[PDB]
Amino acid sequence: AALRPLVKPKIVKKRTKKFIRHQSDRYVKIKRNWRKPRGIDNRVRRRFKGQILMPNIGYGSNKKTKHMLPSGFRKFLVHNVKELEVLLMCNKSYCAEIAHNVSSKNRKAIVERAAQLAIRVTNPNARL
Amino acid sequence: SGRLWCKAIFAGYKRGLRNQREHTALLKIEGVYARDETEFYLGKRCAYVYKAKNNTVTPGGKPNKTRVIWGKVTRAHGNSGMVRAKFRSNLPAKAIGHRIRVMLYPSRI
Amino acid sequence: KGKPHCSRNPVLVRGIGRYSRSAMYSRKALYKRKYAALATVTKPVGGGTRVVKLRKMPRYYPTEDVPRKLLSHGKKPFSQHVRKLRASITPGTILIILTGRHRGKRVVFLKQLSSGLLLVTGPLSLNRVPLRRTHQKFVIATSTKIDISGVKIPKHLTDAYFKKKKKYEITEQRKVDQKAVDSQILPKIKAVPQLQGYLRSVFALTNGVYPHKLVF
Amino acid sequence: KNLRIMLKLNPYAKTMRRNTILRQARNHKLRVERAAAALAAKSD
Amino acid sequence: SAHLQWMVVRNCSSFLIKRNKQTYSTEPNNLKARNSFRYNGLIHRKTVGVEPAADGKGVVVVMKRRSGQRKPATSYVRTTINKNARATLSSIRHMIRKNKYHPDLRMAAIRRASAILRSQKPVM
Amino acid sequence: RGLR
Amino acid sequence: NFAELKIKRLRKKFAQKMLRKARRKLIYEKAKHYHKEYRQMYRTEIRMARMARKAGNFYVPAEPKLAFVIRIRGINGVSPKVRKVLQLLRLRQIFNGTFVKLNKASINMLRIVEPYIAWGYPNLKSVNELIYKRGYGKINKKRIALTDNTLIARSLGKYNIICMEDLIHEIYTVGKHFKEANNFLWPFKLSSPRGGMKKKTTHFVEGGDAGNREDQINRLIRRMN
RNA sequence: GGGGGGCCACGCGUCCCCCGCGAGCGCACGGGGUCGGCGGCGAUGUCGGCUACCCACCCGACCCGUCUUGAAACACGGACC
RNA sequence: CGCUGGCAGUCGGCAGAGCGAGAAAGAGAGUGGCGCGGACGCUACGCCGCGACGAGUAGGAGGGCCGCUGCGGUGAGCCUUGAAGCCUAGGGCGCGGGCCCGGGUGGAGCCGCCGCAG
Ligand SMILES: [Mg+2]
Ligand SMILES: [Mg+2]
Ligand SMILES: [Mg+2]
Ligand SMILES: [Mg+2]
Ligand SMILES: [Mg+2]
Ligand SMILES: [Mg+2]
Ligand SMILES: [Mg+2]
Ligand SMILES: [Mg+2]
Ligand SMILES: [Mg+2]
Ligand SMILES: [Mg+2]
Ligand SMILES: [Mg+2]
Ligand SMILES: [Mg+2]
Ligand SMILES: [Mg+2]
Ligand SMILES: [Mg+2]
Ligand SMILES: [Mg+2]
């Protein structure tokens, strides 16, 4: 009884690993978040063989399947019941995520309205 | 009642000297050592058969420890009976020097 | 109201006729063949008479649709595809089944069905292989033949006869065509010496045996 | 390699491919009877 | 004009939501609820709105009359359609096509009216 | 007008 | 009323259909005559050689008016004078090919770009293979594939070049509008030579590749095309 | 110019030099793939999860910043947060 | 990046559904011999179509629905039926900067959009 999308094309991702920062492994002060190396002798920005890769524009996802969940839907953040009548006409391509700061009492009412509006919820059993 | 596959050795990957390409495997089928004798094996189906810890479902049988990476001979390699094969997942490098099967059922005769 | 006629030129190669445009005009003789120039229904009731609508308008529309697709031309369904069959597989030959539960068994080829699959019964008194289809890719065709030209295969043995329905139990129809084919196959393979024993054996590879060195 | 694309760009290719089939068949039919008359010349 | 006030409301309206790489509108008469010039429910002289009824069943169809444009109290006429799923789909289509009332919104109105009737069904 |  | 409008639009559609059929017949009989011209040009050179050998003299054929030029090295470390000539020959990439008509002003440029190219005298079948398989037109400064004769006829139709056969004729026999017909063609984006090069760095008469291979450019054309 | 095979040649009625609409019906090397084709397994041990936890193997792989013509440097700064 | 390309023609019973085609220009006007029907679109700062191209230190420019803090507006925004913060072998999105959900911890405030300021 899952809610199917309009179409479900095959999602092609050119890379599934993260782009980790250079030398984020030898230090705890160096976080995993990407910083482009700009040193004069840096072996990573000079693109030496066998090193950490750099986030070029060529890794960009296909525009038909960009920002699309593995269920085939795209995502919209929802805070209250009123934001679902926004999504009822975009029903077969966009789904709802109830926001984290929404209480369980209102979160029950949101998924109750989404069930009759046939809108898919990515977290319907979230808090209870 | 008997063996229905040809013996092959996973010799290594398709490579240069300082670069290797893991999506193509080099295969050494037993008994063929020249390019004029390897057109029989072109297009045949390859099988890396191995065993693991967890049980997996077997088509037409009870679950067991055995699982296989399937593949296919694509072209001849070299000048001495080696062939190239492509597999659906790239072969693990612990299988270098190990037996894989070349089936006969993609048959042209 | 004309009787349909065949193509008046033979196929020289595919896509090219043997006779040209003017020669074909002459063969067809167009020189004396010149020419020049719901929805509703009425139904009664017991007041008036109703124009009842066929194919009424839909009661529901989805929020989004998919558009129509562009038109291709060479793409036919599987029931209209041409059936290729390699030259080594002629009726009466001996095959080796490679992929079923009948692995390595020597069997007798009868005919190719409409789906392209091969109708095979290597006889059940020898092989325990019934009247059963197999695919021609997964078959080794041995160069060992018998004369089979006087064997009357029943006409109901078709693709729908061997398609699965849904424990599977043998039926008496499949049991009596099994006897009917085998009663006229078995004296033709019992004439050639050692052929029934060759059929009862199972093909296998041993040490030093390479399939590209041996001929079949 | 595509015949009807070739005829779309060049309609005379239909006759230039009907010939070099017809005359090749006729020359093949001539050489086989010539070779069969040689086999009769070495039989008589 | 409609274009003139669209150039004001296209980016700094209070009905506009821009998140998750999408844009919408919470406008009362915006059927399909998206931010565009064609579907905007307040800049045009002739607007069509399709909403659920106040009680459980029925579909309310709202039009905007041509006379009172600066008079929003009596501007919108409202009708309630508590019928079967097919005659309402013929009725709204008639109200748009035969009256020639903003004719490029007819299938959007039918698609909204079908969704309201589907939402008013018992859930499974 | 040649074919009528 | 519309009964006159429908038949008027039908007569317009019919006139468009007859104008197309007359053009197709024109293309067919143009190619049929080009066949006869190629047969005459092939048989005449054999005849003129035989009739000289009968009298005991020698027949000297005319030097060919057409050449095919292929750039056979990369873009790294190139002299500036040679870069300018390689750009005026439209050979901006390795394994690019172009048709060049031959005169003194062309031979003195091919001598300048001699170690970086491999040029020669193309066959008629070589021109057929090159224009049919790799033929792309420069239309509105865009590389457009020659998939229909209208694409040629829309740009080169003022020079009476209206199909593939007219284009191949004006390339093979270097005609009046050879400059326009050759500049309409995009430079030929050819693959690497199958089988392999002999030696890229040396001249053809030194057992290499560079320079003028006179009759042997076709052997490179089949393995590179 | 005179007295067996392929032709994108097949009108009638003149003057004259050279002696503007036929309908239908299907097939397809024709403006980028479809099947109107199928088979196996699936409720307490199995199916899918590329990414993320650990481990194994093959190939690659010198520590960053900086000055410098030139840094992995037996050039300087740097234990870690 | 270029074509300083295309689309306001969604022109519907006040209807007639087109501008790819080798050849400057009008599917122009007049004057005489049953069945009530037809997908999507167009945030024009939007959408769509053809080609060609893609190294980079010093440096320059553009785009950030990348990020932090505060202010004017705005979400009939979120919140003791649990905010900020923190932890996480959990599920994901984005080339990336980063972000959204799930679990736990915690006990009182916090965020999205349009602009402004550092
Ligand atoms: Mg440096
Ligand atoms: Mg075992
Ligand atoms: Mg160099
Ligand atoms: Mg080779
Ligand atoms: Mg050199
Ligand atoms: Mg190593
Ligand atoms: Mg320094
Ligand atoms: Mg120094
Ligand atoms: Mg420097
Ligand atoms: Mg350094
Ligand atoms: Mg040192
Ligand atoms: Mg110092
Ligand atoms: Mg120190
Ligand atoms: Mg760059
Ligand atoms: Mg951690």
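Protein chains get the first letters and strands the later ones, always in sequence-line order, with residue 1 at the start of each.
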Nucleotide opposite I/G118 in a Watson-Crick or G-U pair, distances under 3.5 Å: I/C68
Taking a pair to be Watson-Crick (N1-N3 plus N6-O4 or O6-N4) or G-U wobble (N1-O2 and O6-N3), each under 3.5 Å, are I/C93 and I/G98 paired? yes
So, are H/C35 and H/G48 sitting in a Watson-Crick or G-U wobble pair, both contacts under 3.5 Å? no
D/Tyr12 and G/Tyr28 aromatic centres sub-6.0 Å: yes
Proximity to the side chain of G/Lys142 - top-ranked nucleotide from I/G51, I/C65, I/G37: I/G51
Tell me the interatomic distance from A/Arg26, atom CZ, to H/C64, atom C1', rounded to whole angstroms. 8 Å
is_pair(I/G2, I/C95) Watson-Crick or wobble, both dists under 3.5 angstrom: no
Tell me whether H/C55 is paired to H/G1 (Watson-Crick: purine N1 to pyrimidine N3 plus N6-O4 or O6-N4; or G-U wobble; cut-off 3.5 Å). no
Is there a Watson-Crick or G-U wobble pair between H/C53 and H/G3, both distances under 3.5 angstrom? no
B/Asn54 near the nucleic acid: base, sugar-phosphate alone, or nothing, with a heavy-atom cut-off under 4.0 Å? nothing
Could you pick out which residue, C/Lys53 or E/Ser14, lies toward the 5' side of RNA chain I when each is mapped onto its nearest nucleotide? C/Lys53
Where the side chain of E/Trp6 is concerned, which of I/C78, I/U43, H/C62 is the nearest nucleotide? I/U43
Evaluate the salt bridge (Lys or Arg N to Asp or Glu O under 4.0 Å) criterion for residues A/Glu97 and A/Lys75: first the C-alpha distance (whole Å), next the side-chain angles of each, then the deciding distance (0.1 Å), finally the verdict. CA-CA 7 Å; A/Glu97 208 158 53; A/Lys75 205 184 66 165; 2.8 Å; yes
With heavy atoms under 4.0 Å as the rule, sort D/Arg23 into base, sugar-phosphate or nothing. nothing
Check: B/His98 ring centre within less than 6.0 Å of B/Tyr50 ring centre: no
Please verify, for I/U74 and I/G112, whether Watson-Crick or G-U wobble pairing holds with both distances under 3.5 Å? yes
Is the C/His135 ring parallel, tilted or perpendicular to the C/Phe138 ring (thresholds 30°, 60°)? tilted
Map C/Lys69 and B/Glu22 onto RNA chain H by nearest heavy atom, then report which one ends up closer to the 5' terminus. C/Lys69
Of the two grooves, which one has a groove-defining base atom under 5.0 Å from the side chain of A/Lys18? major
Just name whichever nucleotide pairs with I/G13, Watson-Crick or G-U, keeping both distances under 3.5 Å, else none. none
May I ask whether I/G20 and I/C40 form a pair, defined as Watson-Crick or G-U wobble with both distances under 3.5 Å? no
Consider the side chain of G/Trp186, meaning its heavy atoms from C-beta on, and name the nucleotide among I/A52, H/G60, H/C29 that approaches it most closely. I/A52
Between E/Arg19 and I/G77, is there a contact of a side-chain N or O with OP1 or OP2 at under 4.0 Å? no
Watson-Crick or G-U wobble pair, I/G85 with I/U105, both distances under 3.5 Å: yes
A/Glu83 and E/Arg19 ion-paired at < 4.0 Å: yes
With heavy atoms under 4.0 Å as the rule, sort G/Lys21 into base, sugar-phosphate or nothing. nothing
Provide the Watson-Crick or G-U wobble partner of I/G37, both distances under 3.5 Å; none if there is no partner. none
If I read the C1'-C2'-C3'-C4' torsion for I/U57, does it come out on the north side (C3'-endo) or the south side (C2'-endo)? north
C/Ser20 or D/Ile5: which one's nearest nucleotide on RNA chain H is closer to the 5' end? C/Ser20
Aromatic-base stack, C/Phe78 on H/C35, cutoff 5.5 Å, angle under 30: no
Under 3.5 Å donor-acceptor pair, D/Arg4 side-chain atoms to H/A28 base atoms: yes
